[PDB]
């Protein structure tokens, strides 16, 4: 059941009715899971945390990408640390989806 993908998105571009379902969306002030039914589920992060993650992930390849990339190394860049941090947040929030 669990999502495998995420993307950054701007708030005025995020339309749950037409966005890809079962996917994580990182906005500049919120982190959400769009579940398989199209329900936006908040993932409990402060706007400040989200602003930091949103702005740390700058590589074009990583704007719309996979959640648990085995080749990410948080010790090599702030971007990869932020991607790994988001993955750990999502993993914890998805703990009981299966």
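Residue numbers count along the first chain shown, from 1.
Annotation for 58 to 66 versus 32 to 40: the higher mean temperature factor (C-alpha) is found in 58 to 66. The mean Cα B-factor in the deposited entry runs higher for 47 to 55 than for the other of 22 to 30 and 47 to 55. Among the modelled residues of the chain, residue 89 sits in the lowest third by CA temperature factor in this PDB entry. Among the modelled residues of its chain, residue 95 has a C-alpha B-factor that falls in the highest third according to the deposited record.
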